Every structure is written in C-alpha cells, then in structure tokens.
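Shown next are two forms of a single protein chain, provided one at a time as structure tokens under the names structure 1 and structure 2.
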Structure 1
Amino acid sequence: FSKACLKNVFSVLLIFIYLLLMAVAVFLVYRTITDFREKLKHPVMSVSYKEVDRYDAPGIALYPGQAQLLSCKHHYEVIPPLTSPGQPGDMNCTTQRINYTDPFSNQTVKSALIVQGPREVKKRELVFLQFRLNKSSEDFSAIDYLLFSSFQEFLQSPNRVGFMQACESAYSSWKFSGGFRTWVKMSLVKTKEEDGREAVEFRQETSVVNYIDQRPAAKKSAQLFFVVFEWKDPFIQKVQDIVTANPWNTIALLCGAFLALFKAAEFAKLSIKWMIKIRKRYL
C-alpha cells in the first residue's frame, strides 16, 4: 500500500517536527530561567572536577624587593643537592620583570618578578628558586608571591599593568619564609561569574623545611630564600552556578513539568466529559 507507507513516513516526519518544537520550547524556557538567574547576586554554586593530562603554564609573580634572584631551574620529582649555596648561576627561566602601582594603596609601587610555572603534572615537574639578601631592615623575612591562571595570557596581554592589578584583586597571595625551603603544591580553582568571566584562584599546601647552612660565619649575615612550586594533582576544581553547571537537570525538570501539564490537560478533558455525562444522567 503506497498510501499507507506515505502516511507512515509523513507521520514520522511530523513526529520529528513536533519533537523539535518541544525541544525549542524547552530551550527557550531554560534560556529564560538562566537569564533571570544571572541577574540575581550570590547564587548557589556547584563543584565539578576535570582531570587534565597537562597543565597550562601558570605565572608565579615574586616580590623580591631588595632580594636578588639567585638561581632558577626546572626539575622532575627530585631536587639535586646544591653545588654552592649563596652563589648565582644555572639560571634559565622565562622571567618577565614588571612593576606597577598597588591597586589597594595607590602610593606604593611593587616590583613583580613573574616566573613561568611547571606544566607537566604527570611527570611531577617543579620549579626551584633561590634568593639572596645581604642587608635587611625588617622584623620578618619573607617574599610575597601570587599565582594567576596562565603565563601566556599575561605575556600577550595588551594592558600588562591592569592584568597584574586584577591578579592582585584575586585571592591567591601567600608568603614563604627565609632560611626555609617551602614546597608549594598549588591547586587550580576556576569559578565562573554570572557576567561570563572565569575568575581563577589557587589553593596551596606548603611544606616548610629547615635549611642547614655550613657556610662560613662571615656570610651568615645574608639570608637565603628557597621555594619550590609544583602542581598537587591534575584535577582542576570548577565552580559554576548550580543551574548552569548541569543544565540537563533543569531540562529534565522542565520536560517533566510540561508533560505533567499535558497530563493535567488530558485529565481535565476526561473529567469535563465525565461530569457532563453525570449531569445529563441526573438531569
């Protein structure tokens, strides 16, 4: 039967058309919900992890001040013994020197030394830094450092000063002591704001290790700073609005609501007929 086959194929096509129409309606309702959500402030946010084979190269903005960088080197899961503490050399890191006004206190300019961070988390790649300071007039010996998402973004940024101020606004600033080697295991946390930008903040697990110096007492006045940066785990924590992070839950809820509405329509159509029949039988 050619007519029967034509009717069947047209019915299948109409099934496709109505399924597409329902999908479009659900998508429009979900987009309306998202647009209404993004307006309100402080929404409930969910957590999602995503393992990465290789990390993007981060930026480690040091603040030596009067301290001089002594040595920078990349290593894998082990630190070879130092040839001679307090001596320069063996320095090759992608270091960019920029200094700018502090966004918090506009009166002070801070000198930032940005060093490209490790990126092969699987190989336990780490970066070892050494600093020296002959004379210091301060109660506490420390160097400030903050971590931002990517070194490449800073390198190719059009407004370098503003990018560093935005990084200062981010909550990823710490310190490492003098006379100690601190192993910093940094973790990446990405949060997506409602406006669209993805703010990035870091989490660290320091391991302070005392440094024993056999150098002559003449050079004991100078203090040596050591720090090691390494990725703790390949997993990247992602924070996003609970509705937007997993839209499939909202889609399922909306489909359930629409199907419930249609079932209620069918129930009303049956019930009006039933009550009309009852009224006709009674009177």
Structure 2
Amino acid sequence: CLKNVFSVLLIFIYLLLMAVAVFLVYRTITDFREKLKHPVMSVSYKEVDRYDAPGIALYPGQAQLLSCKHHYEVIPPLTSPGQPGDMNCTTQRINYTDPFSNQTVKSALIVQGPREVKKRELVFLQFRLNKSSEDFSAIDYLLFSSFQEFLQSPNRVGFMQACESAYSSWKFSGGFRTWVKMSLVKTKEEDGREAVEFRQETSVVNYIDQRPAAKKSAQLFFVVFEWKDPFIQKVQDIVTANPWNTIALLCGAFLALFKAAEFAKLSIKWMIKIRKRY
C-alpha cells in the first residue's frame, strides 16, 4: 500500500535521474556534433614593419612596358606619357602554359612589388599598346606572396602554374591610373599549411590625354601597386568542441546526479526518523 507506493515512486525518481543523465548525454552528443560541423572563425591583425616583396605577374600581351618605378612618396611625380622612360624595377619574363587551357601558352612579366609599406612605397608602371581593334583594352595582373620565392624556385613554370590557381587575377584598363591597394590575408586550416591570399581595392583615375593632342591614338596603361596598411589579416577556424572538456563536464554531471541519489536515500532515512518520532 503506502510502503509499496513510496518504494515504486522512489525507484521512479531513480529512473528519472537516469533519464536525466541519458538526456544530458544525448544533448551533449548533439551539441558536440553541431560544434564540430561549425567551427568558429577568429581574426587577428599582425603588423609587419616591411612586407616581403610581392610578385606582380602582368600579362601585357602586345602592350609595351614604357616604364616601371619605385616611388617612396605618397604620390608618383610628373611623367612624360606615351614615350619610353627610365626603368628601375626588377622584372622577369616567363612563358608558362596555364593548366586550365593546357594548349595556350601565356607570357608573364613578373615585377618585384613594393616592400616598405611604412614609407608608403609604391610601384608605378606605364605600358603603351599600339593601335588595336579590341574595343576593350585591359591588362591582366596576378599577385603572389614573394617575388624572391619565384626567383629561387626551380621549374618557375610550375610556380606560375600554381599561382594561376592559388591566386586571383584582376585587370587594369587603359586610359586610367589604376591604383591598387593590396593586403595579405593568411588563412590557417586544420591540415597544416597556411594559405596566403591577396585582397586588393582598386581606384581608377581618368588619364588626361590632352598632352599629346595629336594623331598618337595609342592606349596608355598606368598602374600603381601599394600596400594598403602594415597589417596582415590572420584568419583561422577554431574547433570549439574538444573531447576532454566534454568528458569532464559529463563526469561532473554524473557525480552530481549520484550525490542527488544518495541525498534521496538520506531523505528516505529522514522520513523514517520522522515517522518513528510520531
């Protein structure tokens, strides 16, 4: 009767503790799986006094590089457009076959980019393309981390074929002065290596072709490559769920439930004492 009712109610509350433990374990499994599916990303900005000289692989095609200069000032000085000028950059011409065509072979002009961002160093390039019939004259450029790595790397063709994939390729148009402010984003993945990518913001400024004012009629390309700021953006995903913390938390919960059960036994004893007193 009453004794049996109390006994079955208390075995029921013990089963309730066991069910709470099982529900906690199931919720832990689900939360661990969800956390594994969705690692959380962290971004840290690491300042560098001077950047490693980037490699700017340009694809002029028929465009003739009139001049290349390294300018430490915030702006390039006045120029003499349309004619060859002094060249003061490090260039390397390489003809590789892009893996995505495998048939067409492209010639690239790798230029050593600016190093000292703190001095606002920039590289100013001027190309000239003779009369053409394309109606849209632009030159492709691809940025990769280090020009020296390219120089001292065997099978430079292999290095370039890796860049045509691991790096994006943009365009700069004629009749502008495409000012490219570039930044480094290094993403760290779980499987070791850290991948470096080039972000770049482009600002086009019209070129005033009133100076020739003659039958020149030849496209002029002006470009400036410069580092946006001394900060490299390190981005890495973090696996918020690790087995050891989960095991420790579940063990603590199980210990708490066990002490709850022994407290229930002590409550049994207390009720027995109260009944005895009556």
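The term rigid core refers to the most C-alpha atoms you can superpose between the two forms while keeping them within 1.5 Å. Structure 1 provides the reference sequence; residues are numbered from 1 along it.
The residue that stands out in 94, 210, 152, 83 is 83, the single one whose Cα moves by 2 angstroms or more between structure 1 and structure 2 on a rigid core fit. Once both forms are fitted on their rigid core, the CA atom of residue 37 lies 2 Å or more apart between structure 1 and structure 2. In this overlay on the rigid core, residue 120 has a C-alpha that sits less than 2 Å away from its partner position between structure 1 and structure 2.
Core-aligned CA deviation for residue 50 between structure 1 and structure 2: less than 2 Å.
At residue 193, the distance the Cα travels between structure 1 and structure 2 is 4.1 Å after the core is superposed.
Core fit done between structure 1 and structure 2; CA of residue 12 shifted by 53.9 Å.
CA movement of residue 221 between structure 1 and structure 2 equals 2.0 Å, with the two forms superposed on the rigid core.
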